[PDB]
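Results of the structural survey
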Amino acid sequence: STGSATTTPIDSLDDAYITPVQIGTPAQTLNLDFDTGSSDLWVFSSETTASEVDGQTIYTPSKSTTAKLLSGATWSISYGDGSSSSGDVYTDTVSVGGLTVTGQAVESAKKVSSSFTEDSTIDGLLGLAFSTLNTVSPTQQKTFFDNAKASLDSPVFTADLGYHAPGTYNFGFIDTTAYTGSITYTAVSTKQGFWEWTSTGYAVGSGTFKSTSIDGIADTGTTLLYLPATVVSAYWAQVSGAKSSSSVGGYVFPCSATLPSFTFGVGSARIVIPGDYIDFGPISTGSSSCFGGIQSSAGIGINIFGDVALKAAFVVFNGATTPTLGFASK
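Residues numbered from 1 in each chain as written, not as in the entry; some residues may be left out. Heavy atoms only, no water. Residues with missing side-chain atoms left out of burial classes, pairs and counts.

Listed as the method for this PDB entry is X-ray crystallography; the listed resolution is 1.1580 Å.

Per the PDB entry, the chain goes by endothiapepsin and derives from Cryphonectria parasitica. This deposition appears in the PDB under the title "Automated refinement of diffraction data obtained from an endothiapepsin crystal treated with fragment 271".

A word on the state of the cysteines. Considering all chains together, one arrives at 1 disulfide under this definition. Sulfur-sulfur distance for the disulfide between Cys255 and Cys290 comes to 2.0 Å. Around the S-S axis, the bridge from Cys255 to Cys290 shows a dihedral of about 110° and counts as right-handed. Taken together, the residues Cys255 in the loop between β16 (250-254) and β17 (262-266) and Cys290 in strand β20 (residues 289-292) connect sequence positions 35 residues apart. Given the relative accessible area of 4%, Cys290 is considered buried. (Disulfide = S-S within 2.5 Å. Helix = DSSP H or I, 4+ residues; strand = E, 2+ residues; numbered from the N terminus. Buried < 20%, exposed > 50% of the residue type's maximum accessible area, 1.4 Å probe, protein only.)

Our focus in this paragraph is the nonpolar core. Ranked by size, the top nonpolar core spans 73 residues in total, and within it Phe171, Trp236, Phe262, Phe264, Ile273 and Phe327 carry the most contacts. The element that contributes the greatest number of residues to this core is helix α3 (residues 229-236), accounting for 4 residues. No fewer than three residues from each of domain 1 (5-174) and domain 2 (175-330) sit in this core. Each residue touching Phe264, except ones within four places of it in the same chain, is listed here: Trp197, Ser199, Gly201, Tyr202, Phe209, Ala269, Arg270, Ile271, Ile273, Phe305, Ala309 and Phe327. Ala16, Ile77, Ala105 and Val136 belong to the second largest nonpolar core, which has 17 residues in total. (Core = buried A, V, L, I, M, F, W, Y, C linked by side-chain atoms within 4.5 Å. Domains from an automatic or database assignment. Contact = heavy atoms within 4.5 Å.)

On to the side chain of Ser108. Relative to the helices and strands, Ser108 is located in strand β7 (residues 99-112). Given the relative accessible area of 0%, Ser108 is considered buried. A distance of 2.7 Å separates a polar atom in the side chain of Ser108 from a polar atom in the side chain of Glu47. Filtering out sequence-adjacent residues up to four positions away, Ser108 remains in contact with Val43, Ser45, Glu47, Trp75, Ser86, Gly87, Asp88 and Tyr90. (Polar contact = N/O pair within 3.5 Å; in protein donor to acceptor, adjacent residues only side chain to side chain.)

This brings us to the layout of surface pockets. Leftover empty space is mapped by rolling, across the atoms, a probe with the size of a water molecule. Empty space within the largest pocket amounts to approximately 1100 Å³. What lines the largest pocket is a set of 38 residues, and nearest its centre among them are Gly80, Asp81, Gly221, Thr222 and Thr223. Elements represented by at least two residues in the lining of the largest pocket include exactly β3 (28-35), β5 (68-78) and α1 (114-117). Classifying every residue of the lining of the largest pocket by side-chain character gives 18 nonpolar, 12 polar and 8 charged. Among the domains, domain 1 (5-174) and domain 2 (175-330) are the pair contributing at least three residues each to the lining of the largest pocket. (1 Å grid on protein atoms, 1.4 Å probe; cavity = no way out; pocket = protein on both sides within 12 Å on 5 of 7 lines; lining within 4 Å. Points joined across faces, edges and corners; volume = space filled by probe spheres on them. Nonpolar A, V, L, I, M, F, W, Y, C, P; charged D, E, K, R; others polar.)

This paragraph deals with the domain arrangement of the chain. Along its sequence, the chain is carved into domain 1 (5-174) and domain 2 (175-330). Computed over C-alpha atoms, the centres of domain 1 and domain 2 are 25 Å apart. Counting from both sides, the interface comprises 30 residues of domain 1 and, opposite them, 33 residues of domain 2. For the side of domain 1 that touches domain 2, the secondary structure elements donating two or more residues are β3, β9 (156-160) and β10 (167-171). With 5 residues, the top contributor of residues to the side of domain 1 that touches domain 2 is β9. Of the residues in the side of domain 1 that touches domain 2, the class split is 18 nonpolar, 6 polar and 6 charged.

Here we have 7 strands laid out as an open sheet, ordered β18-β17-β12-β13-β22-β14-β21, and mixed in their pairing. On the outer flanks of this sheet lie β18 (269-273) and β21 (294-296), each paired with one strand and no other. This sheet shows a mean twist of 45° between the axes of neighbouring strands, independent of strand direction. Sheet analysis places strand β12 (residues 196-204) next to β17, joined by 3 bridges and oriented antiparallel. In the strand pairing of β17, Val204 is matched with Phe262. Across the sheet, α3 lies against β12, β13 (210-218), β14 (225-227), β17 and β21, angled at about 140° from β21, the strand it touches most. (Pairing = 2+ DSSP bridges. Axes fitted to C-alpha atoms, helices over the stretch in contact; angles between N-to-C directions.)

If you want it as structure tokens, here you go:
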């Protein structure tokens with residue numbers, strides 16, 4: 001089997017991407033944030049504290065003839081950005097782009113943090129990291145991909161995120177028309193539960209490539225590119241007037257600037273992020289100070305190849321017995 005679904009930016013900045021997901025019988029379609037950095041499929045629901053729901057579409061398990069309470073199971077998750085959610089668990093039928101999993105754990109939120117409430121466009125998350133990170137207790141549950149894998153034509157999914165435009169998540173096949181050149185594959189460590197890999201270096205603009213190992217995670221659920229402070233300083237030094245602002249929370253730059261590109265290495269291959277992808281616009285409405293899309297990972301504890309990086313590539317998440325990651329230009 002295969003599946004193919006369009007993923008759409010939630011706003012003009014590509015802060016996140018939503019993908020329609022069919023849950024239950026008859027189908028209830030929710031728009032979920034596909035997140036290769038986590039492993040829970042959770043949704044706003046009829047059980048979510050009413051004051052914490054503000055415009056989201058909810059899953060109502062009592063209206064699904066295939067929903068079953070997973071007795072005794074609870075979940076609770078905290079994300080790198082400080083947001084969180086928790087609740088109980090149903091199993092139900094879940095379909096993405098024509099690919100159907102029966103008996104998928106659907107984690108129903110009883111509580112969500114303010115960041116989730118305040119974003120009316122995201123109805124929940126669909127985790128695509130390794131199932132070892134799944135938070136359901138006392139019986140850990142599998143991701144949608146893990147459940148689908150054996151049935152897929154090939155045990156892979158691909159992320160093709162757009163810049164200020166829709167893109168595609170495919171399951172079970174590689175669309176050879178969706179990228180240019182060849183896909184370069186690179187090793188993955190699953191030791192921390194992530195799609196963790198090592199970039200071979202970077203360049204700023206038309207500058208020389210610096211060969212250096214940068215361990216990080218491919219994370220569709222993180223907006224920005226978080227890299228070591230040395231790398232980030234070298235980038236922003238090429239933008240007149242750019243500076244790190246402790247009050248704003250990262251590097252800012254004059255909105256009148258033209259940003260240089262940023263290149264990262266994948267083996268001997270190179271992925272170029274155009275400068276415009278690094279512009280996250282005014283820090284507040286009407287400001288001439290703009291927020292940067294490349295930020296320091298210092299104090300996150302891990303480097304994160306988030307959407308800023310991934311949207312410059314066609315990315316293969318290869319879930320074979322020994323997982324790997326593939327990157328192609330597009």
